[PDB]
K.L.:
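This is the structure, below, for whatever I ask next.
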Amino acid sequence: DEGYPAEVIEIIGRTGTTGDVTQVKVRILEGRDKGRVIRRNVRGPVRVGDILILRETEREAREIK
Amino acid sequence: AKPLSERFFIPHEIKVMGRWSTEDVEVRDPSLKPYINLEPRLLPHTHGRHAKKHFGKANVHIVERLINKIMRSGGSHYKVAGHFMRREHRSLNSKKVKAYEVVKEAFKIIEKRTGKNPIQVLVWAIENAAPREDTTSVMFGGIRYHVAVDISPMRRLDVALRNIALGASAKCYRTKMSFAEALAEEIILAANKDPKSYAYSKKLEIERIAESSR
Amino acid sequence: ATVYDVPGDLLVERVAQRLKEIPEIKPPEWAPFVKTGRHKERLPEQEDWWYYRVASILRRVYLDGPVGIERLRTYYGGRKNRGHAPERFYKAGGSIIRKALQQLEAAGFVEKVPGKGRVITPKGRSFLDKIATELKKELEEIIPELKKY
Amino acid sequence: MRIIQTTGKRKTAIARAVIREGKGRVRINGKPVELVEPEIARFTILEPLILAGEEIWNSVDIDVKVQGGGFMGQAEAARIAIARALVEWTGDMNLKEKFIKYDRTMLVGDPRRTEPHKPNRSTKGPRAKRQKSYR
Amino acid sequence: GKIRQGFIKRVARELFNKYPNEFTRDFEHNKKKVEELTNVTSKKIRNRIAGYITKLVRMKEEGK
RNA sequence: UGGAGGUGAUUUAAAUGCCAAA
RNA sequence: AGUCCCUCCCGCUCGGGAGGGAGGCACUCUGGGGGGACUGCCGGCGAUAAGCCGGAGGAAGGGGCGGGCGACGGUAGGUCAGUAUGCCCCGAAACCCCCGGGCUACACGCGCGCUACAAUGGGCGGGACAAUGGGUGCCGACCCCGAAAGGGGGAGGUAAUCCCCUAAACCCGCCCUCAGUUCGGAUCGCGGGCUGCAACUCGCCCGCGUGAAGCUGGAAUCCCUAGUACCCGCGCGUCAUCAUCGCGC
Ligand SMILES: [Mg+2]
Ligand SMILES: [Mg+2]
Ligand SMILES: [Mg+2]
Ligand SMILES: [Mg+2]
Ligand SMILES: [Mg+2]
Ligand SMILES: [Mg+2]
Ligand SMILES: [Mg+2]
Ligand SMILES: [Mg+2]
Ligand SMILES: [Mg+2]
Ligand SMILES: [Mg+2]
Ligand SMILES: [Mg+2]
């Protein structure tokens with residue numbers, strides 16, 4: 001309902017039609033899946049140590065090269 | 001009109017505009033915490049020295065960010081509430097004294113109506129107006145489709161501030177309300193999750209559309 | 001206390017009030033019907049604008065003297081709206097300023113320095129500084145930092 | 001009978017400040033600093049004095065002569081000159097680091113100047129250009 | 001990009017071979033020495049040459 | 001290093017060349 | 001700026017101001033010479049090379065920032081209506097002067113702009129702060145006359161000296177309160193001026209009156225990465241007079 005905080009640990013690379021999306025790896029900080037590491041797509045500038053708020057934690061982005 | 005004690009006001013402590021302290025203001029959202037800057041500062045005017053460096057806007061006091069956001073025309077090349085708003089020669093572009101006065105009067109109104117520290121109410125508004133999920137576009141067969149993605153905290157803050165400023169701008173255009181009153185109304189409504197606020201409705205719509213395209 | 005210690009507009013208001021007791025300051029006969037410059041649009045709305053203009057001119061002479069008609073004509077000009085053409089700066093007219101300066105001299109507040117302009121006589125300097133002192137005494141009751149000056 | 005003089009510059013505005021022992025009077029071109037308008041310009045000048053504190057504030061007198069530039073450019077040059085005078089007069093290094101934490105520009109200045117204009121709508125700016133049409 | 005220029009490299013290598021025991025790992029010393037041992041008249045070129053010679057000295061002192 | 005084969009796939013629509021050259 | 005002499009003001013003067021004279025080159029400025037930044041220092045990646053990424057110190061950091069300078073050639077691109085020039089023509093008219101007209105016409109299509117459609121305002125009174133340039137066929141302070149536009153005298157200046165030259169956006173007080181209006185100022189009537197040999201065709205300025213369309217703009221589409229874009233005025237070129245332009249501030 002209020003989402004789950006996750007923390008950025010690694011930057012993978014840019015993607016998207018116009019290069020506007022970045023793929024990152026995050027570690028969940030709260031909820032049922034605390035501690036798990038999954039990769040995600042993020043819009044906007046981001047750096048290591050940022051914290052995202054996820055509305056769901058069972059979708060994982062397709063790996064890029 | 002304005003009493004002489006206000007025309008010639010002299011401070012003695014480092015506090016926002018010499019009138020409000022920000023020591024008891026706290027931020028609930030864990031993601032926005034390291035991006036809302038609340039260090040003590042007297043004058044919110046830094047002369048644009050932060051635009052050169054990457055991530056440099058992080059260490060700019062939040063009141064100055066609001067002042068910069070409202071220093072605009074408002075509806076140049078996209079429509080807001082169904083209209084272009086082209087003011088041109090009668091806009092606030094590069095007039096930072098008038099924007100400062102507008103923000104000050106809005107803060108006084110907020111303090112009068114709700115009895116709380118105006119910075120706290122502003123923080124609540126930007127917390128409630130920051131979206132958490134966005135979308136990107138792809139093209140197939142000559143048709144455009146949406147794909148849901150996540151938002152970084154800096155972009156969340158930027159979008160929230162822009163939407164608040166746009167709502168205030170739309171409420172005073174060719175109506176009897178003044179700019180300071182519209183800004184106060186918008187901030188109060190966003191702080192109470194009222195759908196009549198432009199920013200809150202925009203956030204709801206963005207999140208709904210993102211959800212319907214996972 | 002001197003003129004340099006108080007805001008200009010407040011001093012001008014007090015001086016304009018005070019100038020109504022001096023018999024040599026009387027607005028001319030054409031005063032009801034004129035604008036104060038070609039860049040204006042409508043006539044003055046105060047029924048006693050003459051005294052305000054005279055007080056402003058006296059304070060002007062106190063601060064920048066010696067000074068002549070032409071430079072004051074520059075000071076009282078401004079921006080003009082020109083229909084479909086872009087706005088432009090223009091000077092003011094000369095009759096108001098000349099007549100005001102002659103009346104001020106007749107009252108003994110200014111005198112003429114040949115080839116240079118007009119300067120404030122000791123009487124006029126005392127006249128302005130007295131009002132400045134009174135205004136400062138009033139003002140420092142609500143701005144305690146003004147007591148040092 | 002100490003006297004110290006300092007200089008500040010900000011986009012064509014130049015300020016010269018003189019500091020000496022006194023009772024706490026600060027003047028800008030002969031006007032008391034409490035009557036400077038508008039408000040956003042008054043707070044620009046007063047920041048170093050507030051940071052220094054009332055004990056140091058009330059034990060000096062400062063006179064500042066400033067020319068050129070505009071109303072916002074003149075206030076910032078005066079602020080630079082006053083900050084430099086304060087750090088030189090008292091010569092304490094706790095204050096110098098305190099100024100730098102709050103605002104570095106108080107002591108190192110601002111080197112930005114206008115960029116000269118270029119053709120193709122030269123009167124508007126070096127980079128603004130005329131609207132382009134194809135038919 | 002900060003790509004070193006060809007003639008800077010050539011003159012610096014000539015200087016290093018001919019007077020091996022004249023330059024140290026210090027930039028100021030090499031600056032003065034280069035100023036005296038050549039007819040270079042530009043201040044900027046002199047700095048480029050001295051910097052490259054300093055790198056050569058530290059690299060050969062390491063033994064590559 | 002340079003070659004020869006095999007199996008899979010390959011995201012809407014998109015026709016034409018006039019004044020000239022003389 | 002400090003020190004000294006005189007004069008004039010305020011709370012009557014302990015104190016605080018303003019002019020003038022001696023006097024000085026401190027500070028600003030002007031302009032000759034010199035210093036300073038080199039991937040030089042530190043930690044990573046790459047190959048241990050070329051280099052790249054991130055830090056200190058620093059006025060400045062990685063072509064430090066903005067400009068000048070455009071290779072061999074092509075475009076049968078523009079220019080013989082700037083000047084130079086071959087051929088062909090006119091050569092008592094296609095050469096040279098003078099007078100009056102035109103290039104300024106007006107059902108209509110298009111480019112680039114300016115003024116607006118108002119309160120992120122309109123008006124009236126008052127208060128603030130620039131830079132670039134230019135001046136003897138000229139810049140003109142200062143005095144007088146006139147409601148204004150302007151008129152009559154006229155110091156100084158061949159100019160870091162005299163003059164153009166006390167910008168506007170901005171700030172304070174009062175009136176108007178969402179309306180085709182105290183928004184807008186097109187069009188037209190009457191009267192007064194300046195330049196010029198000449199103002200009708202066909203110039204610019206001022207006063208009173210008059211008061212059009214316009215209530216934010218379809219499909220489309222342009223410019224811009226930092227003292228940049230937007231907003232605001234000013235100088236020079238052109239120039240007897242005339243700037244909604246060009247180049248700069
Ligand atoms: Mg004015
Ligand atoms: Mg207008
Ligand atoms: Mg510019
Ligand atoms: Mg074809
Ligand atoms: Mg050709
Ligand atoms: Mg051709
Ligand atoms: Mg034509
Ligand atoms: Mg009007
Ligand atoms: Mg005619
Ligand atoms: Mg309307
Ligand atoms: Mg032209």
Side-chain angles (χ1 to χ4, degrees), chain B residues 1 7 48 51-52 73-75 83-87 89-95 97-98 102 140-143 169 172 174-176 178-179, chain C residues 1-2 4 7-9 12-13 30 33-35 38 41-46 49 52 56 64 68-72 74-75 78-79 83-87 89 93-95 98 112 114-117 122 125-126 129-130 132-133 137 149, chain D residues 3 5 7 11-12 14 16 18 37-38 68-71 73-74 108-109 111-119 122-123 125-133 135, chain E residues 1-3 27 31 47-48 50-51 54 64:
Chain B
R7 183 181 182 187
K52 265 211 167 304
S73 184
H83 288 267
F84 286 135
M85 292 183 300
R86 295 162 174 173
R87 295 180 166 92
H89 71 99
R90 60 176 189 259
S91 62
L92 287 189
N93 287 129
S94 79
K95 295 183 177 181
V97 194
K98 303 178 70 88
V102 168
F140 289 118
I143 306 176
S169 162
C172 65
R174 303 197 283 181
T175 57
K176 203 179 167 188
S178 78
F179 201 6
Chain C
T2 60
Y4 296 87
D9 48 321
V12 170
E13 188 66 63
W30 43 263
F33 315 108
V34 292
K35 312 184 294 179
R38 77 191 268 190
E41 195 178 341
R42 307 169 183 171
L43 320 186
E45 297 174 357
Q46 297 174 295
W49 62 270
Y52 287 86
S56 180
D64 299 308
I69 295 287
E70 218 66 16
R71 307 203 184 269
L72 293 178
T74 290
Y75 174 83
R79 184 180 68 160
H84 280 174
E87 295 76 10
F89 175 87
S95 298
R98 187 172 77 250
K112 207 172 305 184
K116 307 298 307 311
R125 179 172 293 264
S126 174
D129 270 3
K130 211 136 295 187
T133 303
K137 278 174 172 291
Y149 307 88
Chain D
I3 283 296
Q5 297 163 346
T7 303
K11 41 153 62 167
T12 65
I14 308 160
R16 294 173 272 185
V18 185
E37 303 166 74
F71 76 91
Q74 280 194 357
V108 305
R112 294 180 288 180
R113 302 289 191 270
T114 48
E115 176 174 322
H117 292 204
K118 320 288 194 313
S122 154
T123 184
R127 302 180 191 201
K129 292 187 194 61
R130 192 198 200 195
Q131 182 181 6
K132 188 161 181 177
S133 53
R135 294 172 187 97
Chain E
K2 275 295 182 184
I3 314 294
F27 173 66
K31 179 160 52 174
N47 290 334
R48 271 89 183 252
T54 295
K64 307 161 188 164

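Naming: A, B, ... by sequence-line order, numbering from 1 per chain. Values reported hereafter were calculated over all heavy atoms of this structure, with side chains retained and with hydrogens, waters and symmetry mates removed.
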K.L.:
Name the pairing partner of G/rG86, where a pair is Watson-Crick or G-U wobble with both distances under 3.5 Å, or state none.
P.N.:
none

K.L.:
Nearest to the B/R86 side chain among G/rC170, G/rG217, G/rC27, which nucleotide is it?
P.N.:
G/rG217

K.L.:
Between G/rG217 and G/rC117, is there a Watson-Crick or G-U wobble pair with both distances below 3.5 Å?
P.N.:
yes

K.L.:
Measuring only between side-chain heavy atoms, which start at C-beta, is C/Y52 closer than 4.5 Å to C/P44?
P.N.:
no

K.L.:
Using a distance-only criterion (donor-acceptor N/O pair, under 3.5 Å, no hydrogens), is the base of G/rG233 paired with the side chain of C/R79?
P.N.:
no

K.L.:
Under 4.0 Å from OP1 or OP2 of G/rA179: is there any side-chain N or O of B/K176 that close?
P.N.:
no

K.L.:
Respond yes when some side-chain nitrogen or oxygen of D/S122 is under 4.0 Å from OP1 or OP2 of G/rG248, and no when none is.
P.N.:
yes

K.L.:
Using OP1 and OP2 only, check whether a side-chain N or O of B/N93 sits under 4.0 Å from G/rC230.
P.N.:
no

K.L.:
For G/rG207 and G/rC190, do both pairing distances fall under 3.5 Å in a Watson-Crick or G-U wobble arrangement?
P.N.:
yes

K.L.:
Using the purine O4'-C1'-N9-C4 or pyrimidine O4'-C1'-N1-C2 torsion, is G/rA50 syn (within 90° of 0) or anti?
P.N.:
anti

K.L.:
On a heavy-atom basis, which atom in D/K129 and which in D/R127 lie closest, and how many Å separate them?
P.N.:
NZ-O, 3.1 Å

K.L.:
Looking only at non-hydrogen atoms, find the nearest pair between B/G75 and B/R86 and report the distance.
P.N.:
O-CG, 4.5 Å

K.L.:
Across the strands shown, which category fits C/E13 at heavy-atom distances under 4.0 angstrom: base, sugar-phosphate, nothing?
P.N.:
nothing

K.L.:
Based on the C1'-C2'-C3'-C4' dihedral, does G/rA81 have a north or a south sugar?
P.N.:
south

K.L.:
Is there a Watson-Crick or G-U wobble pair between G/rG227 and G/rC29, both distances under 3.5 angstrom?
P.N.:
no

K.L.:
With the 90 degree cut-off around zero defining syn, does G/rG63 come out syn or anti?
P.N.:
syn

K.L.:
Among G/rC205, G/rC145, G/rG126, which nucleotide sits nearest the side chain of C/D9?
P.N.:
G/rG126

K.L.:
Can a side chain N or O of B/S94 be found less than 4.0 Å away from OP1 or OP2 on G/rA169?
P.N.:
no

K.L.:
Round to the nearest Å and state the distance from C/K35 atom NZ to G/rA149 atom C1'.
P.N.:
11 Å

K.L.:
Kindly give the heavy-atom pair with the smallest separation between B/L92 and B/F179, and that separation in Å.
P.N.:
CD1-CE2, 3.9 Å

K.L.:
Has D/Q131 got a side-chain N or O lying under 4.0 Å from the OP1 or OP2 atom of G/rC112?
P.N.:
yes

K.L.:
Sign of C1'-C2'-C3'-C4' at G/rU79: does that make it north or south?
P.N.:
north

K.L.:
Could you check whether G/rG61 pairs with G/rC38 (Watson-Crick or G-U wobble, each of the two distances under 3.5 Å)?
P.N.:
yes

K.L.:
Between C/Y75 and G/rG127, is there a contact of a side-chain N or O with OP1 or OP2 at under 4.0 Å?
P.N.:
yes

K.L.:
Any side-chain N or O of B/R90 under 4.0 Å from OP1/OP2 of G/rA118?
P.N.:
no

K.L.:
Using a cut-off of strictly less than 4.0 Å, decide whether D/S133 has a side-chain nitrogen or oxygen near OP1 or OP2 of G/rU221.
P.N.:
no

K.L.:
Counting distance alone, no hydrogens or angles: does the base of G/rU120 have a donor or acceptor under 3.5 Å from a partner atom on the side chain of B/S169?
P.N.:
yes

K.L.:
Which pair of non-hydrogen atoms, one from D/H117 and one from D/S122, has the smallest distance, and what is that distance?
P.N.:
ND1-O, 2.6 Å

K.L.:
Do G/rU7 and G/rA149 make a Watson-Crick or G-U wobble pair, both distances under 3.5 Å?
P.N.:
no

K.L.:
Nearest to the D/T123 side chain among G/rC234, G/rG146, G/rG125, which nucleotide is it?
P.N.:
G/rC234

K.L.:
Is any side-chain N or O of D/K129 closer than 4.0 Å to OP1 or OP2 of G/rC224?
P.N.:
yes

K.L.:
What string of B, S and - do you get for nucleotides 181-187 of chain G, 5' to 3', when a contact is any protein heavy atom under 4.0 Å?
P.N.:
-BS-SS-

K.L.:
Please confirm if G/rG31 pairs with G/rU216, counting Watson-Crick and G-U wobble geometry and requiring both distances below 3.5 Å.
P.N.:
no

K.L.:
Using a cut-off of 3.5 Å for both contacts, decide if G/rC208 and G/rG189 are a Watson-Crick or G-U pair.
P.N.:
yes

K.L.:
Mapping E/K2 and D/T7 to their closest nucleotides on RNA chain G, which lands nearer the 5' end?
P.N.:
D/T7

K.L.:
What stems involve RNA chain F, if each pair must be Watson-Crick or G-U and both of its distances must be under 3.5 Å, with 3 or more such pairs in a row?
P.N.:
none

K.L.:
Could you check which of G/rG125, G/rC27, G/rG248 has an atom nearest any side-chain atom of C/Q46?
P.N.:
G/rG125

K.L.:
NA contact type, B/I143, heavy-atom cut-off 4.0 Å: base, sugar-phosphate, or nothing?
P.N.:
nothing

K.L.:
Out of G/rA147, G/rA116, G/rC230, which has the shortest distance to the side chain of B/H89?
P.N.:
G/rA116

K.L.:
Considering every strand and a 4.0 Å limit on heavy-atom distances, what is the contact class for C/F89: base, sugar-phosphate, or nothing?
P.N.:
sugar-phosphate

K.L.:
Using atom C1' in both nucleotides, what's the gap between G/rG185 and G/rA198 to the nearest angstrom?
P.N.:
34 Å

K.L.:
Respond yes when some side-chain nitrogen or oxygen of C/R71 is under 4.0 Å from OP1 or OP2 of G/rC164, and no when none is.
P.N.:
yes

K.L.:
Between G/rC223 and D/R130, is there an OP1 or OP2 to side-chain N/O distance shorter than 4.0 Å?
P.N.:
no

K.L.:
Nucleotide by nucleotide, 5' to 3', does protein get under 4.0 Å of the base (B), only the sugar-phosphate (S), or neither (-) in nucleotides 3-14 of chain G, counting heavy atoms?
P.N.:
-----SSBB---

K.L.:
As a test of reading torsions: judging only by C1'-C2'-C3'-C4', is the sugar of G/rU221 on the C3'-endo (north) or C2'-endo (south) side?
P.N.:
north

K.L.:
In whole angstrom, give me the gap between the P atoms of G/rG111 and G/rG173.
P.N.:
48 Å

K.L.:
Tell me whether the OP1 or OP2 atom of G/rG64 has a side-chain N or O from B/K52 closer than 4.0 Å.
P.N.:
no

K.L.:
Decide if a Watson-Crick or G-U wobble pair links G/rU136 and G/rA76, counting it only when both distances are under 3.5 Å.
P.N.:
no

K.L.:
Closer to the 5' end of RNA chain G via nearest nucleotide, is it C/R98 or E/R48?
P.N.:
E/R48

K.L.:
Quickly work out the D/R112 CZ to G/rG66 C1' distance and round it to whole Å.
P.N.:
16 Å

K.L.:
NA contact type, B/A51, heavy-atom cut-off 4.0 Å: base, sugar-phosphate, or nothing?
P.N.:
base

K.L.:
Counting any heavy atom closer than 4.0 Å, what does C/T74 reach on the DNA or RNA strands: base, sugar-phosphate only, or nothing?
P.N.:
sugar-phosphate

K.L.:
Give none if G/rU195 has no partner; otherwise give the nucleotide forming a Watson-Crick or G-U wobble pair with it, both distances under 3.5 Å.
P.N.:
none

K.L.:
Look at all strands and tell whether D/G68 reaches a base, only sugar-phosphate, or nothing, counting heavy atoms closer than 4.0 Å.
P.N.:
sugar-phosphate

K.L.:
Once you round to the nearest 0.5 Å, how far does CZ of E/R48 lie from NZ of E/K2?
P.N.:
5.0 Å

K.L.:
Are D/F71 and the base of G/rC129 stacked, counting only ring centres nearer than 5.5 Å and planes tilted under 30°?
P.N.:
no

K.L.:
Could you tell me whether the side chain of C/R71 reaches within less than 4.5 Å of the side chain of C/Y75, counting heavy atoms only?
P.N.:
no

K.L.:
Does G/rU104 carry a north or a south sugar when the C1'-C2'-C3'-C4' torsion is used to decide?
P.N.:
south

K.L.:
Applying a 4.0 Å non-hydrogen cut-off, can you work out what D/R127 is touching in the nucleic acid: base, sugar-phosphate, or nothing?
P.N.:
sugar-phosphate

K.L.:
Rounded to the nearest 0.5 Å, what separates atom NE2 in B/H89 from atom CD in C/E87?
P.N.:
8.5 Å

K.L.:
Could you tell me how far G/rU120 sits from G/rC178 if I compare only their P atoms? Round to whole Å.
P.N.:
14 Å

K.L.:
At under 4.0 Å, does any side-chain N or O of D/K132 touch on OP1 or OP2 of G/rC112?
P.N.:
no

K.L.:
Provide the Watson-Crick or G-U wobble partner of G/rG154, both distances under 3.5 Å; none if there is no partner.
P.N.:
none

K.L.:
Where do D/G68 and D/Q74 come nearest, in terms of heavy atoms and distance?
P.N.:
O-NE2, 2.6 Å

K.L.:
Report yes or no: is the ring centroid of B/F179 under 5.5 Å from the six-membered base ring centroid of G/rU120, with the two planes under 30 degrees?
P.N.:
yes

